[PDB]
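The chain that follows stands alone, in the form deposited in one PDB entry, written as structure tokens.
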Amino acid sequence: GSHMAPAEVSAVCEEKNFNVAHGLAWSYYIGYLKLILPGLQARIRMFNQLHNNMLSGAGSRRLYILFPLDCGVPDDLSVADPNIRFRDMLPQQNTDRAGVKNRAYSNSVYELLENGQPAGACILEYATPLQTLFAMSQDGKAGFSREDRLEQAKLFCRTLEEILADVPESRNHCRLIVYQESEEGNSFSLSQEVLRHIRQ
């Protein structure tokens, strides 16, 4: 029994709503991922030269991005799991390519353990814009709920997946690792989650 308000169809407006995810995704792609992707393989070759070819398989030559739907990203950005071991940062290039020419982005290579045994290696990181969503949910003058936060997180992920899907196979090297720890949780293992992605 709730009527809509009257509306003049020629007036210019936008629906009010909290759908920031699209901006986050585009910013993240245009302003980070797109910038680093063209030099990733070169950087990997440099890394391999110094690391006994630790990243040799195709599965090891990808950029794995952690996407905790609860938006819990540690402040120090550490990936900290007993079975994930930091090995070294990915070295910078001497490049004239846009953005990277003036910026050395920090990326790290980790070794994954299973059953005490080395099971893999990869370049791993958190999707930093998830911090924004979390901060928004806190900063309550923002009026963004925990419920909104999850919704946006899922949307950011889906939107980013769509964008990435259109990347040519030649640079199709980002992989999203999406999980919601609060769900399906008990025995949850990050290392196991990453390994499944590497393995596939």
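Rigid core here is just the name for the largest C-alpha set that superposes within 1.5 Å across the two forms. When you see a residue number, it is the position in the sequence shown, counting from 1.
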Report summary line: The stretch whose C-alpha atoms carry the larger average B-factor in the entry, 61 to 69 or 130 to 138, is 130 to 138
Report summary line: Averaging the C-alpha temperature factors as deposited, the higher value of 30 to 38 versus 167 to 175 falls on 167 to 175
Query raised in the report: From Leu77, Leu113, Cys122, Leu90, pick the one with the largest CA B-factor in the entry?
Result: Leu77
Query - C-alpha B-factor winner, where the candidates are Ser10, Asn17, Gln180, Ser189 - result: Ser189
Query raised in the report: Which third of the chain does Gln117 land in by C-alpha B-factor: lowest, middle or highest?
Result: highest
Requested in this report: Report the third (lowest, middle or highest) to which the CA temperature factor of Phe156 belongs, ranking only the modelled residues of the same chain.
Outcome: middle
Requested in this report: Would you please rank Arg43 by its C-alpha temperature factor against the other modelled residues of its chain and give the third it falls in: lowest, middle or highest?
Outcome: lowest
Report summary line: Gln49: CA temperature factor from the record, placed by chain third, in the lowest
Requested in this report: Classify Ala5 as lowest, middle or highest third according to the C-alpha B-factor given in the PDB entry, relative to its own chain.
Outcome: lowest
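The same protein has a further form, the form deposited in another entry, not shown here; the description that follows concerns it.
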Query raised in the report: Does superposing the core leave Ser108 with a CA shift of 2 Å or more between this form and the one not shown?
Result: no
Query raised in the report: Aligning on the rigid core, do we see the C-alpha of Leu77 shift 2 angstroms or more between this form and the one not shown?
Result: yes
Query raised in the report: Superposing on the rigid core, do we see a C-alpha displacement of 2 Å or more at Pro91 between this form and the one not shown?
Result: no
Requested in this report: Relative to what we see here, could you say if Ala98 and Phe47 have their Cα atoms closer or farther apart in that other deposited form, with a change of 3 Å or more?
Outcome: farther
Report task. Would you mind telling me if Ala98 and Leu33 are closer or farther apart in that other deposited form than in the shown form, C-alpha to C-alpha, with a 3 Å or larger change? Result -> farther
